[PDB]
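One structure is given here, and the rest of the page talks about it.
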Amino acid sequence: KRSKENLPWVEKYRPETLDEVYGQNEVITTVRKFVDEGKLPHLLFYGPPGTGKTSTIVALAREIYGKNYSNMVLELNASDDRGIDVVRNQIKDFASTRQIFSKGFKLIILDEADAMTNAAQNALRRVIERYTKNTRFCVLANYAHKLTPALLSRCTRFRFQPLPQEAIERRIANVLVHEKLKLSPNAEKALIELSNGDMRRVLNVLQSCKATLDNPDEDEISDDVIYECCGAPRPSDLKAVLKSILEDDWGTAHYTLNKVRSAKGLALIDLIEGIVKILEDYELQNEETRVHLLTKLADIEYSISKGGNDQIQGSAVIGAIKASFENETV
Amino acid sequence: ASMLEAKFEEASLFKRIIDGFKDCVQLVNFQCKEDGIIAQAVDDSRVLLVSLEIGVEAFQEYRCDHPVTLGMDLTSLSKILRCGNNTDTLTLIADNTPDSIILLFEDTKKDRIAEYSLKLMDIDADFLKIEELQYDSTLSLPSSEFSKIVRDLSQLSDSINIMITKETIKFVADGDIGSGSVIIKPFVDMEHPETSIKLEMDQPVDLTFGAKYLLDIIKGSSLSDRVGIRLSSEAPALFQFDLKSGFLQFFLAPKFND
Amino acid sequence: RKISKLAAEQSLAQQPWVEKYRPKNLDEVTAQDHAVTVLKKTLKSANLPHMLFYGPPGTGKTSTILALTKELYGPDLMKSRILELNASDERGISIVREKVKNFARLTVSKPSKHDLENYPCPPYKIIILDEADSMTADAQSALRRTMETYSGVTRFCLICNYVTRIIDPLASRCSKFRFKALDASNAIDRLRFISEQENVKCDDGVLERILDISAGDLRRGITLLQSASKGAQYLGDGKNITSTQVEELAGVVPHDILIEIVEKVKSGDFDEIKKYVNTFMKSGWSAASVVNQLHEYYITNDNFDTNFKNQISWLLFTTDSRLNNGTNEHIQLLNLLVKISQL
Amino acid sequence: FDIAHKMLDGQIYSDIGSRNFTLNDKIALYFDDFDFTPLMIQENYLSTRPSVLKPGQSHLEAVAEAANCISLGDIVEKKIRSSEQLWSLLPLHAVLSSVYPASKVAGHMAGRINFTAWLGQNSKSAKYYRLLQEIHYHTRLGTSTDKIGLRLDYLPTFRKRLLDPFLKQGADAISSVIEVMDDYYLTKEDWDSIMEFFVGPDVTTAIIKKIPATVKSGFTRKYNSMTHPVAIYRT
Amino acid sequence: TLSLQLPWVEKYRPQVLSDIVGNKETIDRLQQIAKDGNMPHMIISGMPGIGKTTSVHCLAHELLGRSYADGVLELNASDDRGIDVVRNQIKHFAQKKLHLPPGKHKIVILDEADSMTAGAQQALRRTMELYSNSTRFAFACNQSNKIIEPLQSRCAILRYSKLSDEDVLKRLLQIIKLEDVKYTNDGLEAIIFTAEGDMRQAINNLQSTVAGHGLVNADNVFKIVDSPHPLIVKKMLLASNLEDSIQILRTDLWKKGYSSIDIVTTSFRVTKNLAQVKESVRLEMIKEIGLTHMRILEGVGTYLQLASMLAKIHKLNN
Amino acid sequence: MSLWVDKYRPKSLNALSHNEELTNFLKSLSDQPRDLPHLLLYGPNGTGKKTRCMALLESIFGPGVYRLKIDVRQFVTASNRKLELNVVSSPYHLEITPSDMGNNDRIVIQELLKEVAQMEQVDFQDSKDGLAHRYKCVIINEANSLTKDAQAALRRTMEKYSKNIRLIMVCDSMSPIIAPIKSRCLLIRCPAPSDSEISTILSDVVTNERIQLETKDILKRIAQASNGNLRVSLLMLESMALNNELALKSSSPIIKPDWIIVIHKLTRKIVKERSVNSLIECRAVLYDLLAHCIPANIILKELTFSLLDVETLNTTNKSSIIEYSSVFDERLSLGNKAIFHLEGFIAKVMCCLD
DNA sequence: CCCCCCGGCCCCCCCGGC
DNA sequence: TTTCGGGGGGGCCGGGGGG
Ligand SMILES: Nc1ncnc2c1ncn2[C@@H]1O[C@H](COP(=O)(O)OP(=O)(O)OP(O)(O)=S)[C@@H](O)[C@H]1O
Ligand SMILES: Nc1ncnc2c1ncn2[C@@H]1O[C@H](COP(=O)(O)OP(=O)(O)OP(O)(O)=S)[C@@H](O)[C@H]1O
Ligand SMILES: Nc1ncnc2c1ncn2[C@@H]1O[C@H](COP(=O)(O)OP(=O)(O)OP(O)(O)=S)[C@@H](O)[C@H]1O
Ligand SMILES: Nc1nc2c(ncn2[C@@H]2O[C@H](COP(=O)(O)OP(=O)(O)O)[C@@H](O)[C@H]2O)c(=O)[nH]1
Ligand SMILES: [Mg+2]
Ligand SMILES: [Mg+2]
Ligand SMILES: [Mg+2]
């Protein structure tokens, strides 16, 4: 903790103000307008991992209260005890009492509320209702099915979407400026593709790529560096494997799969995912081909998730694809 | 064992100071500088703030080369402190960039030495300067009387309402089984000045506080025989107990009027 | 009575080869450069992220983390800077909430002058959760904010064989490192070095055959090499170790038995297949090895058409999946052989 | 009992009956007593005359389909009560264990509805396994096997060397039985439990009863009139 | 800004029985009871946000007037309600002496009574029986089945029905008139459609839309209120072609950030409540959905698994 | 007196009769036991795995390994339940069967085995080399019955404290053993004895016990009835000798266990009658078998292989039967109540036959 | 120096979906 | 029956205070 330069990039680039949150323009604008005119309702932030929910709520709290926001908000998460007793005593006392420092309203942030017990959620209902005159609640979740309908009825819902490509590009540009790094367009495209809308993945991969370069100042991050550090298949490898499977005979397809995998020690699961993504865009005359492909590939993925023989799994992938595509003739 | 070295002639003083607010907060950051020791903490509910100050005069010997922050857990510190006897001198020792603090109990007459080590914790709670505020009412009264009133009224209800008006202080509680009201007035006696009730009023005040917080606050009555309560309509109540070379302050937020 | 304690080197000299030749520094990790280089650069960068090592058995994950800690802190400062929890310790939600959080919030242990002069000594400690895939979902969820809040003084390492067992938030928080399977192409050098150190004499291609039989697990290969060396030493003839001895030690079915099974399958008679399989099971051959050998024989054969291979691949995959659940080997093998014979 | 009677009624599975008593209603009926509903269904799903058989489908085929679904439901239940505590799977367990098999064989109860017999059998199995473990650890120092191997292989020979002598040589074989018992650290309770394990044509209840009371009295007296060794020394 | 605007759910919370919409017969019965007194033990059950707590509080206020503070004991899930509380505090309140008009009684309001433990409910029985001459009990809950049978026997059952779109529109129009909110018919229709009979949800959505955009029309309402995902799941399951179902899954659910666990649970619920489909087909779809749900719970929560589930469902439907 | 199976059990490596190659391999392993890795002996039941493990221990340490004693260890769960584990120990080795506590076997791995692993050897146990032994041996019987959590707990224990203990795990099948544990062990295949070796052992027993035989062929037949199970063969020989006044004739019949007879009767009933009432009777028979400590997997295997031996069935029926057996064996592996899966298998077989 | 009040462990019993 | 985890209720034990 000697300096902020010792922190992982995922935490060292955490937004500190609402202007540093990208890809959520609608939500940010709406919440900013709510706070500007003092019309903030009870909030719910529902979204997938690493979309900026915790960052957004912390930035909102800092904007409302300034730098000394921690002492004027009650933050609870899955690492802390949040039983029914906690709701009855600590949350109730915080909601029913005035602020120590200022005379403003009070904010309670229940981060990762989907891990809360049903009893605590039920106890929270009348607490939210009775003290809404001076207190507001913010809930954060990845899974909505864990939240009771009563709690959802009292909150205004905001959905955090997977980060758009432009936002990831802007954040990558800022990180490159700060770190004095160079990135090629192909490397950026590959990084965005593997991100799947999660900023933390982008930042971790960028840190690994920087660590990989012999000379981070002069060297530039190329797609080869990304593929090496992540140990992921190249698009050319996937195309070659799929072409061999579809066109060549069994012996040649087996040889090609083995050679491609052994060239860089690729994992079979990554190849399966890439081939599924490629085949999604394929136009199939018969729906039965799609049915067979999806079912068999899902079965193989589930089997791989538990281990098993790798060579047999690869042969199973080859055979499943061949059998499924045999239905495009008649 | 040279960076910070502080000595208490009697270990009972530090134990009593710690026990004054050990039940209010759990994690405390003690900041030690050449002028003495300070500490500020906020309870889990964020309703009560504890501020402790101890000056150099309270120590037989005190040396602090550079400012040092030490994060401690209250229950562990109290458990270590209760080991020492009342006739043994206490010494707090810390090194540069310490990961722990050493407590040494010495008994020269019996040549008894007891060393304890407490691991420190990283607390990101910066010292919040409490800007001085003008208060509508300031009343100083014996600690025992306030403790008795709080203990009596807390039985009837979970909230205690304090009203200060012209030459009168009223404590009221209303509960399921009944209600209670205690009225006191300013009074000065030269024969027994320690029992005097002093009141200075500018505007009348009326504030409601949680009973449990007051029960925790009154635990500092051992430190000082008198307690000073400062109340304002727009500020949290301030309960101060005066030490020989320092003070212990409790800032309590009142309940919302609704 | 009592026995004088043995020296560290003396004690290690009489350990099993897998433990005896465990890597001691990051330079001794064989074929994980794509991640080892990134880890090594942190010795100077001093911004180590949260790490999620995942990979198949015996690839060098635990060794890698131990070597990294050794290089970062040194023999004296390691213990005070490391907290290790694995599947042999209780790791319930309460444990995560209390003990892990308490260790994560502690101030870092004070480095000594020698440690500062000799080692980088980064300003944070490390919590290793080995076999993290055995932890429940709720316990994992309890770590999410602990990882982020105390990242200034603590870093987390989660090691697993099945990455899917880690909840998505934790995987997002951690930087992922995939450990590749160790085969004859990328792990031959280490095995040859070990054999030379132990003075093991073998025919050409024996080490390659050992690594091929191991199928990505270097621990298994080292154990097989130690077994072969013990056999050769006991024999006393001084002859080079041969591939046949290695195969016998590894439980590989002889080629003649496999050909007999293939011929019985080709015949197609249920009674003959059942009788032969009943006789075969008495030898104690592992069903997984038999299935692997049959897959190798059938897939790489030019005498079978595309449809036959398409069907047999799925049959073998189904049998392997069923065997992975701990099923009766006899029944599964008989079913597989009958189904193949009906193709 | 009422849950079993209603769930197995064929009217609620018809086109008209399904719109009045919906699938949600059947799931709620299961949730009335989730603990006992699957057991009752499994107990009583073979004792109905169905009225929902599809054209060309026999009673046996529907019974087999219901049994397959019940097995899948048992797997799901094992999943629910594991270390992961996947209680959110309870609704699915309702469909697989009760609703689907019942819909496969829904009709009119061909006879009296019977309470599940699985709990008593489970208790009996636990008792017998405890007895087997006690016997195994009494004879561990002599034998070379696990408890299962003891039950499947050793027990018949022990019967031949423990019970047959009484039936063949009368009361003159008490000494040999006692010698064998001592050699394996067996006690009288162990003898009785061993005799209580056999099934099929090897049942010993009638054979034991037919033995003259004098022979049993003499055996007990001889056993009580001497010292015997102890395998496990408790302290 | 440190100032807060009072939510319209609280500002326009009905204060009298005549301001509550829906369940006309029950409201009239409560009005008659308030006029004549002799309120009996009652249990009010219904779906969230339909005016149960409002009804109970209004009835108590009209019944007691100035004595409300002394003669009402309110306990909910946020307060301590253990067996000790029932045995001491509630008993003390029941035995309390309080002079009241010749047709009024003390009232104990146990809100969210379905969360109370069995022991407390059992202890309440003789307390209700013995002190009924001066005290009456009003339970409010979402599921009346959680209340033990002896307590139900002692109380009058009042099952609240869902609010029709007419009543929601009527209340929304009153609030709009009282607040001078510019709106359009399409916006109000969208708000009502998204509310699904939840008055609290409708009012909150209206207030949020007004705050965030000013004019209440369909575009702004849908920007503030997302289209419920259960309808999207139902459309996905009812698609004729596998390609259309996969399109809906990938565009309207997966790319919007909905988790796989949420998607599979919603699919299970929608399939359960799919009356248009034959029950046996629904059972097969539920079997497939349960297989997928178990796979996701194990840890494989991928888009491929959901696509495979859709493929199996379509194969069954064909 | 003591049964012939126990009385004549070899107590040394040089006393082993069958599988000379395995004996030589074990001798090679015991030649330099200081760096011996963990061992996993897998093979068919009743072949001599435990005998070979004991012989290896005797060769490493000495005859004292055979002086065994039994003690009781107490364990407490999170629910405060008290469990007792019977530990068989010698001055050099310790034996455990954690599966005895079912799902609580993990406890044994976390507390007992870890406790033993953290204790160093201090008693002066002089070895053949000249110095004292440095590790103790821990035998885990029925290792394939351990829960996955117990094996996971074993994972790091075997590695951290390998200098203090060495593990020997005996199993009838490696399929339920997780991959990391197999990676951590030296695998040893234990083939069943041949018919001739079984005949030789039986002839030696007969000569020692003075049993009259009309011809040697009788022993051969017993071996054929054993199907490679030496323990079963010896017990059957003793039973036949007792039944025939210690005189075996060529016409003496082969004695089968009671549960085998019950399963054969059930198979005949299934073949004869295919009806729901027959299914109810089959359920009653299955309950009777289960209540008397007959494992479900054994029942399924025996029933399948008895059905496959029926001469009236055609190839299609046998193929369907074996497929159903595979499916329901998997179900039993992943299931809890075995009766459900057994009844499902019987119903499917009945449908296929009809 | 002894008795009583009252906070905190310790244990044991019971849901767990909507 | 029951493989975690949460909640509740009752029983002692012991610190502190009072007489
Ligand atoms: N919209 C964003 N803009 C910039 N950085 C982001 C954004 N979202 C995520 N990040 C980055 O990823 C890190 C984590 O962001 P978070 O706000 O914690 O995401 P999250 O949605 O709260 O994750 P979960 O739901 O707890 S798994 C931040 O410190 C940022 O560095
Ligand atoms: N990359 C490697 N380089 C050198 N030796 C290795 C390597 N991987 C495995 N080994 C050897 O095998 C032994 C075990 O290696 P480990 O680091 O324990 O593998 P692992 O991936 O942690 O095993 P799991 O996942 O717990 S089954 C080491 O002591 C080494 O002797
Ligand atoms: N019939 C109604 N008429 C007018 N407003 C209503 C009505 N029902 C609900 N509301 C409004 O929504 C707010 C909440 O109503 P409640 O009475 O709390 O509903 P509820 O059914 O008790 O909620 P639950 O069951 O505790 S989740 C009221 O203050 C009203 O502003
Ligand atoms: N004469 C002789 N008997 C053996 C030999 N191996 C095993 N046996 C006998 O076979 C019995 C069963 O052996 P055991 O190890 O318990 O079977 P397993 O552990 O299930 O493989 C033993 O009691 C011995 O009597 C051998 O090599 N020679
Ligand atoms: Mg977050
Ligand atoms: Mg490892
Ligand atoms: Mg309500």
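Quick note on labels: first sequence line is chain A, next is B, and so on, each numbered from 1. What you see below is based on every heavy atom in this structure, not just the backbone, and it leaves out hydrogens, waters and symmetry mates.
Contacts with DNA chain H (heavy atom under 4.0 Å) in residues 26-37 of chain D: D/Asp35, listed by number.
At G/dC18, one or more side-chain N or O atoms of E/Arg269 fall inside 4.0 Å of OP1 or OP2 (strictly under the cut-off).
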Heavy atoms under 4.0 Å is the rule here; annotate nucleotides 4-11 of chain G 5' to 3' with B where the base is hit, S where only the sugar-phosphate is, and - elsewhere. -------S
For nucleotides 4-8 of chain H, give me every protein contact, N/O to N/O, under 3.5 Å, one pair per line with atom names.
unit_1	atom_1	unit_2	atom_2	d
H/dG5	OP1	C/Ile93	N	3.0
H/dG6	OP1	C/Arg97	NH1	3.0
H/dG6	OP1	C/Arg97	NH2	3.0
H/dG6	OP2	C/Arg97	NH2	3.3
H/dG7	OP1	A/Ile84	N	2.9
H/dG7	OP1	A/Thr117	OG1	3.3
H/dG8	OP1	A/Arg88	NH1	2.9
H/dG8	OP2	A/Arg88	NH2	3.2

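Contacts of E/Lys234 classified as salt bridge (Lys or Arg N to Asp or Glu O under 4.0 Å), with partners at least two apart in sequence or in another chain: none. Every salt bridge (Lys or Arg N to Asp or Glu O under 4.0 Å) that E/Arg126 has, sequence neighbours left out, goes to E/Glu129. Scored by the side-chain hydrogen bond (donor to acceptor under 3.5 Å, both in side chains) test, F/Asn144 finds F/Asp172 as partners (sequence neighbours excluded). A search for side-chain hydrogen bond (donor to acceptor under 3.5 Å, both in side chains) contacts involving E/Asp84 returns nothing, not counting sequence neighbours.
Here the options are A/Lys92, A/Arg125, A/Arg88, the test is side-chain hydrogen bond (donor to acceptor under 3.5 Å, both in side chains), and the partner is E/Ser78; only A/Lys92 passes.
Note on D/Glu43 versus F/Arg283: salt bridge recorded, some NZ/NE/NH1/NH2 to OD/OE distance being below 4.0 Å. The pair B/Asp216-B/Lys219 meets the salt-bridge criterion, since a charged nitrogen lies less than 4.0 angstrom from a carboxylate oxygen. The pair E/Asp79-A/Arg126 does not meet the salt-bridge criterion, since no charged nitrogen lies less than 4.0 angstrom from a carboxylate oxygen.
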Can you give each donor-acceptor pair under 3.5 Å made by side-chain atoms of residues 80-92 of chain D, sequence neighbours left out, with the distance rounded to 0.1 Å?
unit_1	atom_1	unit_2	atom_2	d
D/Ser82	OG	D/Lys79	O	3.2
D/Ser82	OG	D/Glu84	N	3.2
D/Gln85	OE1	D/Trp87	NE1	3.0
D/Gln85	NE2	D/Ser82	O	3.0

All N/O donor-acceptor pairs, side-chain side in residues 88-97 of chain C, below 3.5 Å, sequence neighbours left out:
unit_1	atom_1	unit_2	atom_2	d
C/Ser88	OG	C/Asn86	OD1	2.4
C/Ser88	OG	F/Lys114	NZ	3.0
C/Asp89	OD2	C/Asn86	N	2.8
C/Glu90	OE2	F/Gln110	NE2	2.9
C/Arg91	NE	C/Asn86	O	3.4
C/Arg91	NH1	C/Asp130	O	2.7
C/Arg91	NH2	C/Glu131	O	2.8

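Residue pairs meeting the side chain to side chain donor-acceptor pair (under 3.5 Å) criterion with at least one partner in residues 121-130 of chain D, sequence neighbours excluded, do not occur; the list is empty. Pairs engaging residues 22-34 of chain D under the salt bridge (charged side-chain N to carboxylate O under 4.0 Å, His left out) rule: D/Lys26-E/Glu279 [sequence neighbours left out].
Distance noted for atom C1' between G/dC11 and H/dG11: 8 Å (whole Å).
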Symbol by symbol from the 5' end, with Watson-Crick or G-U pairs under 3.5 Å, [ ] crossing and | another strand, DNA chain H is .....|||||...||||||
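One N or O donor and one acceptor, one from the side chain of F/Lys337 and one from the base of H/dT1, sit under 3.5 Å apart.
Annotated as anti: H/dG18, whose glycosidic dihedral deviates from 0 by more than 90°.
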